[PDB]
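For reference, the structure discussed in these notes is given below.
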Amino acid sequence: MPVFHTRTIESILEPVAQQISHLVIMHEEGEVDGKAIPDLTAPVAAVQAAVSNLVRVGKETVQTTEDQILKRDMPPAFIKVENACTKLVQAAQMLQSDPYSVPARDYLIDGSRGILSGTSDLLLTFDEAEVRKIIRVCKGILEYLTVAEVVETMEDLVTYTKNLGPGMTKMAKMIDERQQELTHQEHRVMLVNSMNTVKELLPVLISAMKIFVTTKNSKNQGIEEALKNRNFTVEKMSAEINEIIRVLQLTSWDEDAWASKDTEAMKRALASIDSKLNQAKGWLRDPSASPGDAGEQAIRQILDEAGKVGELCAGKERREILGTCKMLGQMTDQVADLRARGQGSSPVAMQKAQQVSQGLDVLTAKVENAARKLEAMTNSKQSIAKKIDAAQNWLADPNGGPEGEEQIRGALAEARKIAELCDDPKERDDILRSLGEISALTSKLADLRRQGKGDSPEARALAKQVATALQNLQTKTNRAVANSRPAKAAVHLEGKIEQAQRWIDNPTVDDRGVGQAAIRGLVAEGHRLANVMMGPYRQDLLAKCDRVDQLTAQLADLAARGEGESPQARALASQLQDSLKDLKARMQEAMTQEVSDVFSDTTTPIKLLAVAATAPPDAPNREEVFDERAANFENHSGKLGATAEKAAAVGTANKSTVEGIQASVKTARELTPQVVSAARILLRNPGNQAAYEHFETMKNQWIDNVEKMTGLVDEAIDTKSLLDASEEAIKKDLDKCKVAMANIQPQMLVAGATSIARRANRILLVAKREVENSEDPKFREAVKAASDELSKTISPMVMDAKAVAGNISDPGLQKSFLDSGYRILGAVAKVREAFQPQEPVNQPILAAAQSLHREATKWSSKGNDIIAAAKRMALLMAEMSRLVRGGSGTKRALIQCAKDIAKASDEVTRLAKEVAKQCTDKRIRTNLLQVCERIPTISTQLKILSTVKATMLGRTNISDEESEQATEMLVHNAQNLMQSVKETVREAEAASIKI
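Numbering (the entry's author numbering) for the sequence shown: 1 to 839, 961 to 1116.
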């Protein structure tokens, strides 16, 4: 199982790689050609030396490093490579004795493998304890949070503030060094961007205690609004500690996150769908007074997030949730047809809409059917991971004839079938040929009695037999979970398109369950983006969605009967790609009209909440308004949070942005209730300066959080989208000033008048965001220069706002005040003028191979520098697809291609670097330097893993399930490579147009 975990594990195995390479080159040539063998000892001594250099350290690491868990498995570890070292000894003996000795010719490949298997192991057997240096530190930080719970005294917190000093500074000096070590970037980012947010809460945790100092008033105990504020954060600190446990525990690419990230996505659904249900419920319950604009925002959204629950399970049941959503949604749509026409009144159609009120309880069952069939599928995945790790527990003490030690392993082996007793309700074909595989382990359970009775030599013998049997068992348990949830919605924008576009070409020969699930997302986001819109746009955009949603069942039947090759099936899927083109291109064009209403004035709840927080004299008309402004603060953030997710679901960015967008939305979802009690405990512990400033912590936490959400949502869409929706708004709102100069009401002026200032500086807020990010000053200069044209006009607007507030029926003055704002628009469009660029066995490898080629055709360049680089690598990946199970005499080209796979990915590494310094934007380089870290990382690993496989090939003396455990590492890190380089070849060229 040759890992590539630590930086140093790479830089030692790659010397072992080029050694064992030329070793097994000599092994093949004496077999396929029968070459007279040259020397061995100058390799043989040199290959064991770099081994033994670790080993006498590992001798000392047994003898003087005193981990009382390392001494159980490290002493079996380093003898095994030393056993493999002794295999190298007789090889150099007998082949120098006889180069033609065919047993000694093939007493060579077996020694070449157990070294390099163990060489990866022994490097990891060191980093067993080295990473375990960090866990009990973090466990103490968890117990510091338990020590945080201990605190009941004002005298405590002073030195417990002094306690975190040696706490986090050791956490600083350990984690930040580990930041440079591990070489999976998006796996690296899970540590440091966890750890800075761990650092961000350190005074916030103290301020949680210092607002708990405000619980050390006369109300020492109490209901304590700030108690959950403490209790959330200490859970949230323990959340990111538990997260960086497993990120440091993890050794290669993750294969369990999608049994987890869905489970929180359940909780952002199931705890949100029951919430907006209650406003969905009474809205349809009121038949006549429901004009399809306010509670309709609940109605469509409950459906569309049930559609996001409709990405959890598969098969027929996945069809059934989109069946019931279109059922009770179109029953509301005809109610929307009956009401808006006029005759949709209370008594005639109160049972017609009751169809939906009984219909929503289907979707209550539809989500929990997706829930329990998810979580039970996940509970079994870890329990089988525990019991194969409990499989060494009896192997830690295999005894002759004891009572309980074989009694417990039967209670172990009873639990190993619980996986197949839960993999059976989800699948039948591969299960009934794996219910015999666990029944084959019942024959190994029958073999437990010869070591259940007293016998030592067979006990280790079937231990190796159950070693290959349990490694077969977990792998076939792993394959069960794989095919039983479809390929999820690739969360970024074109990933939902690219999980669909191939499925338009030929859904007959296809990928499982993804394409039908792909445009499930687009109809869930088309309906979401239609939900907030206007009357002639609501039903306008809902109709273009169901224009595609009717194409689904027709595409579901033109291959159910018939197939997709026929041109009467091609023409049926012809205009669907036309319809889906306008589906997105109207959505993201109307996405920016959905941000500029609620984001442009994003600070405005808080300061109005602040004056609601700062000055109560305990007069009336204050505290319920404070609740109302909190209710504003809920739904303003409730839009702000949800609107960002829509802009996350459609925003052109990378993974690191859109995850950090929704992570900011998570902190927008986290900290918005945090402000609620914190501003409340200001008004529960009234007027106290010791209580006051914790708001100014947490609001300056929140505003910065919202600003770092703002600036990223600003970074999410292009600004040309963000400008024009704002630019048409100020054209709209100045016309609203014109009719407010007609309809005489001066207080409605000064709200909309200062609303212009909320947008004007906001243009300058993201003008500065351009300024810091741009490499080119000549396309930065007017972004600063013409910004002052706003700055010398934003406040003079407010000046004669006050003048017409003195005399609203004064013409000329109001003509000047209208002409004060009129010269704003002469430059806001000039900001657009600035942002105008005018100023033959195992073939999933072949499935990975063809993907880069269509991505390679997805660019037009003068010189195919990265394009041909992607081309011949995908060709060699196509050679990798054919050679993965080829003839035994072909293992030389196995590595020789993988040498080029190391080489060409190091060219894709290099060519990504050469234009990163050429590019004229800093965000595109930063996201490139995010994505280009893995390009040289796994490049040499596949060169390493081919040498592992070249040993494995032609063996016929090993369990072949271990060979496919080695083969799957090739095909996954094929797909780790190919999906990575597909991201780079487009996006570097998506960077290349900026020159």
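For each residue, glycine too, the CB sits at the ideal point set by N, CA and C.
As assigned by DSSP and simplified to three states, the class of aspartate 256: coil
Segments assigned alpha helix (DSSP H), at least 4 residues, entirely inside the region 376–437: 391–396, 405–415, 417–423, 429–432
Beta-carbon spacing of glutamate 296, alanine 269 below 8 angstroms: no
CA-to-CA distance, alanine 226 to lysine 216, given in whole angstroms: 12 angstroms
Own chain residues within Cβ distance below 7 angstroms of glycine 711, not counting five before or after: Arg769
For residue 957, the three-state DSSP class (helix, strand or coil): Any structural detail on residue 957 is unavailable, because the chain resumes at 961 straight after 839.
Nonlocal neighbours in the same chain, by C-beta distance under 6 angstroms from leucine 1066, ignoring five residues either side: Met1090, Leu1091
Sequence-distant residues of the same chain with beta carbon closer than 8 angstroms to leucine 201, five excluded per side: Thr233, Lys236, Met237
Pairwise C-alpha distance: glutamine 836 and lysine 731: 19 angstroms
Unbroken alpha helix (DSSP H) run spanning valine 158, endpoints: 154–181
Opening and closing residue of the alpha helix (DSSP H) in which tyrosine 144 lies: 109–150
Every unbroken alpha helix (DSSP H) inside the region 488–572 [4 residues or more]: 493–498, 501–505, 515–531, 535–555, 567–570
Cβ pair count under 8 angstroms reaching 3, the region 634–642 against the region 654–668: yes
With 16 other Cβ atoms within 10 Å as the buried cut-off, status of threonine 592: buried
Complete alpha helix (DSSP H) runs within the region 976–1014 (minimum length 4 residues, chain order): 986–1004
Exposure label - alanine 289; buried when at least 16 CB within 10 Å: exposed
Selected residue, minimal CA-CA separation from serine 600, among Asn700, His694, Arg758: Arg758
Exposure of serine 1060, with buried meaning 16 or more beta-carbon neighbours within 10 Å: buried
Range of the contiguous alpha helix (DSSP H) that encloses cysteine 313: It is not in any alpha helix (DSSP H) - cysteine 313 carries neither H nor E in the DSSP assignment.
Nearest-angstrom Cα separation, counted from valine 102 out to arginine 449: 40 angstroms
Nearest candidate by alpha-carbon position, reference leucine 338, set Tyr822, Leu328, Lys352: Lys352
Span of the alpha helix (DSSP H), counted from its first residue to its last, around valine 665: 655–682
Cα-Cα separation between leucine 70 and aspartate 397, rounded to whole angstroms: 17 angstroms
Cβ-based neighbour list, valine 598, same chain, cut-off 8 angstroms, excluding 5 preceding and 5 following: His636, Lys639, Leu640, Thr643
Per-residue burial, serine 677 [other beta carbons within 10 Å of its own, 16 or more giving buried]: buried
Exposure of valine 466, with buried meaning 16 or more beta-carbon neighbours within 10 Å: buried
Residues near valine 32 in its chain [Cβ-Cβ closer than 6 angstroms; skip 5 each side]: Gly1010
Among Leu322, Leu124, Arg409, the one whose alpha carbon lies nearest that of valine 367: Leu322
Beta-carbon proximity check, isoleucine 12 vs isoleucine 115, cutoff 8 angstroms: no
Simplified DSSP assignment, three categories, for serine 774: strand
The alpha helix (DSSP H) enclosing residue 907, as first and last residue numbers: The chain lacks the residues between 839 and 961, and residue 907 is one of those with no coordinates.
Spatial neighbours of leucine 435 in its chain, beta-carbon cut-off 6 angstroms, leaving aside the 5 residues before and after: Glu420
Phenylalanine 4 and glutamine 1062 closer than 8 angstroms at C-beta: yes
Beta carbon of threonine 1058 nearer than 8 angstroms to that of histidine 184: yes
Coarse secondary structure for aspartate 333, derived from DSSP in three states: helix
Extent of the continuous alpha helix (DSSP H) run through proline 811: No alpha helix (DSSP H) contains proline 811, which DSSP labels as neither H nor E.
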